[PDB]
């Protein structure tokens, strides 16, 4: 039938949503939640990182016809010097597995890298700081 009645796909049987390098560069993610982690903040400061704040953030792409539900979360810190928001260790947790041109997996490390790059194009620091201000209300 019409794409509007196409099945809502779930992940692959192993739990990952498989997306190409290109499909990942156009991934539509929305901010869901952000918060402060004082234990992470002390932890980073102990490892010589000059961080003002540290915390978590959760982002998602809602499910629809031929569009699987995607979750992307990571730890961040706000540098004191520059005021720049940083993805701690470039580590990104998600339900995504990035695949190549032949459709083969490219692994966790290249997947997290492609997602961290899409997140920077989505100006993820603007929505994190915004939510952090919303919590004080």
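Numbering follows the first chain given and starts at 1.
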On average, are the C-alpha B-factors higher in 96-104 or in 47-55?
-> 96-104
Mean C-alpha temperature factor, higher of 29-37 and 61-69 | 61-69
Would you check the entry's CA temperature factor for residue 87 and let me know if it's in the chain's lowest, middle or highest third?
-> lowest
By the entry's values, the third containing the CA B factor of residue 125 is the lowest
Pull the Cα B-factor of residue 119 out of the PDB entry and bin it into the chain's lowest, middle or highest third.
-> lowest
